Asks: 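My questions all concern the structure below.
Every heavy atom of this structure was used, including side-chain atoms; hydrogens, water molecules and symmetry mates were not. Note on naming: letters A, B, ... go to the chains in the order of the sequence lines (proteins, then strands), and numbering restarts at 1 for each one.
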Amino acid sequence: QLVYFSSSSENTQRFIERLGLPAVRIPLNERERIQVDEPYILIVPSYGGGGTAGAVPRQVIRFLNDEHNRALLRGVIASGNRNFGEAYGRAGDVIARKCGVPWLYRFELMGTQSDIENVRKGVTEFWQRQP
Amino acid sequence: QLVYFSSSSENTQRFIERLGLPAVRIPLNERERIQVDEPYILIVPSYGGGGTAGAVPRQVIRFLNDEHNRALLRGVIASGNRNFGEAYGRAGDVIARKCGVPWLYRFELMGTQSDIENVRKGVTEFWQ
Amino acid sequence: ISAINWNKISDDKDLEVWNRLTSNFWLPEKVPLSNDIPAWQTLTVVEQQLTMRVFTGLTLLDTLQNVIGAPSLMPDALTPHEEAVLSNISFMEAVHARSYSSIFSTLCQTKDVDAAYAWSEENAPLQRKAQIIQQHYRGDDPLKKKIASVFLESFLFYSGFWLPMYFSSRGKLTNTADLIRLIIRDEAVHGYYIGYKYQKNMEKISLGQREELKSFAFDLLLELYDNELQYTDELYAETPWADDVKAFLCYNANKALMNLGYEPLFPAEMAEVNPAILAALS
Amino acid sequence: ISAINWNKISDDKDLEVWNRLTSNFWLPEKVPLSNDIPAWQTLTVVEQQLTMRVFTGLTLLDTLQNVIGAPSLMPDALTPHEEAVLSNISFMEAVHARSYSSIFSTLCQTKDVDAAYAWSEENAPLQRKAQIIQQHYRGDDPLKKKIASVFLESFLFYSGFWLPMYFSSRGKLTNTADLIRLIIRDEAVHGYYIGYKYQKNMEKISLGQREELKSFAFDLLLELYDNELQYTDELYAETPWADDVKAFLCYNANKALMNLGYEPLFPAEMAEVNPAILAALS
Ligand SMILES: Cc1cc2nc3c(=O)[nH]c(=O)nc-3n(C[C@H](O)[C@H](O)[C@H](O)COP(=O)(O)O)c2cc1C
Ligand SMILES: Cc1cc2nc3c(=O)[nH]c(=O)nc-3n(C[C@H](O)[C@H](O)[C@H](O)COP(=O)(O)O)c2cc1C
Ligand SMILES: [Mn+2]
Ligand SMILES: [Mn+2]
Ligand SMILES: [Mn+2]
Ligand SMILES: [Mn+2]
């Protein structure tokens, strides 16, 4: 399974659509929170820094610091833009280090065809090497 | 006597014109230079800092580091704008310390009638 | 359109002002406004209400400067570098406007802020001022636009700026005062530069046309002045400060005139400002 | 004119982008460009000429963005906060254009710089590119202006941006590369926000019109692309680098498309950037 966040600009949403895999969206509305039942990879865009100063969107922080959800986190994929330099995909690095999970992939905006193919292959292989 | 500088915006020039006292202008053109033969008060605008950082215009520095000119300096009046806060009239302060002469007066832009009146009175009493 | 070349400056003043304005860049986030909360609490309801009404008024006028004011000057630019400087000026008007919201966010209650905004919409002097200024910005006379702009922000704004300067002298809201001083530093340079360009534009019109414009400038001045006295009455109604504000307006009116190259209009007696207010400025 | 209230945000993206763009404020004086003089001196005459021709070209286009591009978007703003953000964008285009002059002043000979400006004036693909973009900025279709703006600076500029990134990968002109990365960081956000607004604007129109704009956008993309291959050919003619430049162009074209909400069009084969160039970015 997959969990993702996408802001109102919906680049990560557009990626998930084209990916073709079942996924659950962390609600855009900050007051709404969701619970997941199974192991998952998290896909999140980087947002340092406009509405939070921090790399990870508030909604994802809210989702993660519920230890129920955190315990089922198995990996992270981050999106963003290479033009941000060292900060490119920062959300993935931050989540990975804090939660003790691997940073699996890093892509730009809505993702290229290569990104889609790589992530499709990567995820299938990831669950093959998972309990 | 009076020595002054005014940039292309001519605020200090207009003060001098309305003061009505005899005065010599440090050339706007940086390549030209002048000398004076009698003791004077200097009136200078502040310009920290549109690419030079220094509050004293380059033309005034060139005028002052002539030994003959510097020796005849006796006092400084600074123009500027109160809206620059602590930096209001900063050029007079810099010149006052560097040259060891008193900073005599502070005024804004082309000067009010009060400024003209105050300087007229101050100048006469200073030389006596 | 031709590539701008900053190594071929036509008027030195363009570079000088470009450098002064850009190197003075600030944002309201850089001012520790939260350190004013205890001071805000000690202010009376009437003082608090005054502060919010003052700043909602300034928000309207800085918004006007950003959206219409500075852009309206762009077709009348003498050089490509002036056009660029006007781009900075416009953006900094948005920063000025934004900063009042910063004050509201930190210090004030939403409902009261919204009431102050509502009071501003309804205040006849405020709206008349905006209307008069906008009318000249939308006109076909480039020189009258410059006069209006210099009058708005080197003169009219000072009915509003008086208050944080007063608080500063009493050792209250010192951080809000520091924020306002940043705005005032920008506006001093804006007024200087626009007034400078006004005088440059005037060099290319006839002597008769200059006298006509001089008369217009003093007419507009007195019309705006009369309006601002009424705005001041209504703003400072439940305080003893009106006369002091009016003296500060005359003092600033004189500087605005000097920015345009005209001699001060108001005699010392009308422009005698409380020394603590002057000290708050510098 | 209404008074802007930053505590009543209609679209959170306006505040996010305002914060990102203003907190990223920079000036070329903040970069120690003079430290590139040794590196500059080690470049071949071919490399030096190429560098100056690149930057004179970018100067023209950033001037276009400041004087016409960004202002052309202002009347089509959905919110007052967007108007304010667009004021920042316009000012930063002035900063971008100014920074090329900073480079020239620090590193180059005036005669060579003026010859590069002349070369740019007479370069057909460059002038055709400038003509096409401003034709759309002068048109009556707000949505086509946004398309052209995104294509210019999230796509076409990268034929130029390639060069400092390449030099960076070799340990030469590293400070100039640092400056270009500041421009690139701005443009990434400019393209994102303008493209975001383009999509918001399209929510309000018929399917038929959306399909028309899609067809127009892809045809404009291919028109500009083919023109840019010619520009690249002429710019990089004395070097072996045209193919890598073109791959970097295709890579960025895909990003420009995605900013507009369209899927990337250029296959992996065409957009395969040398890892050292990608490393120079991040
Ligand atoms: C305010 C702001 C800050 C951003 N910061 C970063 C960043 O630090 N690193 C990065 O790779 N991308 C950054 N981005 C780019 C976004 O992560 C990227 O556009 C992403 O596709 C947005 O996804 P979404 O539309 O699903 O919300 C930033 C974008 C914005 C608007
Ligand atoms: C770029 C710039 C920087 C300035 N800096 C200061 C300053 O630091 N302190 C001050 O009191 N006035 C400052 N001023 C205001 C001028 O000193 C003032 O307008 C003066 O009247 C100019 O005189 P002039 O027109 O004869 O050159 C500055 C003006 C400019 C344009
Ligand atoms: Mn302002
Ligand atoms: Mn202003
Ligand atoms: Mn740009
Ligand atoms: Mn741009």
Asks: With the side chain counted from C-beta on, respond yes when A:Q113 and D:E263 share a heavy-atom pair under 4.5 Å apart, and no when they do not.
Replies: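 A side-chain contact is absent here, since even the closest heavy-atom pair is not under 4.5 Å.
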Asks: Are the side chain of D:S282 and the backbone N or O of A:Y88 linked by a donor-acceptor pair below 3.5 Å?
Replies: no
Asks: Would one find more than 12 heavy atoms of other residues, nucleotides or ligands at under 6.0 Å from atom CD of A:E67?
Replies: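 Atom CD in A:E67 is not packed in, count stays at 12 or less.
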Asks: Applying a heavy-atom distance below 4.5 Å, give me the residues of residues 166-188 of chain D that approach chain A, sorted by number.
Replies: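 D:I184, D:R185, D:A188 fall under the 4.5 Å cut-off.
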Asks: With rounding to the nearest 0.5 Å, note down the distance linking CZ in A:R82 to CG in D:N252.
Replies: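 Taking CZ in A:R82 and CG in D:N252, the distance rounds to 11.0 Å.
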Asks: May I ask you to check whether over 12 heavy atoms, not counting those of A:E86, lie within 6.0 Å of atom CD?
Replies: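 Open.
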Asks: Just give me the residue among D:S23, D:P267, D:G261 that pairs up with chain A most often, heavy atom to heavy atom, under 4.5 Å.
Replies: D:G261
Asks: Could you tell me the separation between the CG atom of A:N81 and the OG atom of D:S154, rounded to the nearest 0.5 Å?
Replies: 8.0 Å
Asks: Minimum heavy-atom separation for A:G111 and D:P264, please, with both atom names.
Replies: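 The answer is O-CG, 3.8 Å.
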Asks: Under the 3.5 angstrom rule, does the side chain of D:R20 hit a backbone N or O of A:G48 as a donor-acceptor pair?
Replies: yes
Asks: Crowded around D:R210 CZ? As in, over 12 foreign heavy atoms under 6.0 Å?
Replies: yes
Asks: At a heavy-atom separation under 4.5 Å, does D:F161 approach chain A through its side chain, its backbone, both, or neither?
Replies: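 Neither part.
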Asks: Check whether D:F266 gets within reach of chain A through its side chain, its backbone, both or neither, counting any heavy atom under 4.5 Å.
Replies: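 The answer is neither part of D:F266.
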Asks: Any heavy-atom pair between the side chains of A:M110 and D:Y262 that's under 4.5 Å?
Replies: no
Asks: Under a 4.5 Å heavy-atom cut-off, does chain A meet the side chain of D:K200, its backbone, both or neither?
Replies: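 Neither the backbone nor the side chain of D:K200 comes within 4.5 Å of chain A.
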Asks: Check this for me: D:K30, atom NZ, are more than 12 non-hydrogen atoms of other residues, nucleotides or ligands nearer than 6.0 Å?
Replies: yes
Asks: Surrounding CD of D:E269 (heavy atoms of other residues, nucleotides or ligands, distance under 6.0 Å), is the total greater than 12?
Replies: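 Count not over threshold, so no.
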Asks: Measure distances from D:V17 to the heavy atoms of chain A and classify the residue's part below 4.5 Å as side chain, backbone, both or neither.
Replies: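 Contact with chain A is absent: no heavy atom of D:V17 under 4.5 Å.
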Asks: Any side-chain heavy-atom pair from A:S7 and D:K13 closer than 4.5 angstrom?
Replies: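 In contact.
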Asks: Would one find more than 12 heavy atoms of other residues, nucleotides or ligands at under 6.0 Å from atom CZ of A:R74?
Replies: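 Yes - once you tally the heavy atoms of other residues, nucleotides and ligands closer than 6.0 Å, there are more than 12.
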Asks: Mind checking which of residues 9-18 of chain A sit less than 4.5 Å from chain D, heavy atom to heavy atom?
Replies: A:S9, A:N11, A:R14, A:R18
Asks: What residue in D:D12, D:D11, D:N254, D:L278 has the most heavy-atom pairs under 4.5 Å with chain A?
Replies: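 Greatest number of close heavy-atom pairs with chain A: D:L278.
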Asks: Which bit of D:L21 is near chain A, if near means a heavy-atom gap under 4.5 Å: side chain, backbone, both or neither?
Replies: neither
Asks: List the atom of A:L109, the atom of D:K255, and the distance in Å for their closest heavy-atom pair.
Replies: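 That closest heavy-atom pairing would be CD1-O, 3.6 Å.
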Asks: How about CG on D:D243, more than 12 heavy atoms from neighbouring residues, nucleotides or ligands closer than 6.0 Å, or not?
Replies: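 Atom CG in D:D243 is not packed in, count stays at 12 or less.
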Asks: Does a sphere of radius 6.0 Å around NZ in D:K8 hold more than 12 heavy atoms from other residues, nucleotides or ligands, not counting ones at 6.0 Å or beyond?
Replies: yes
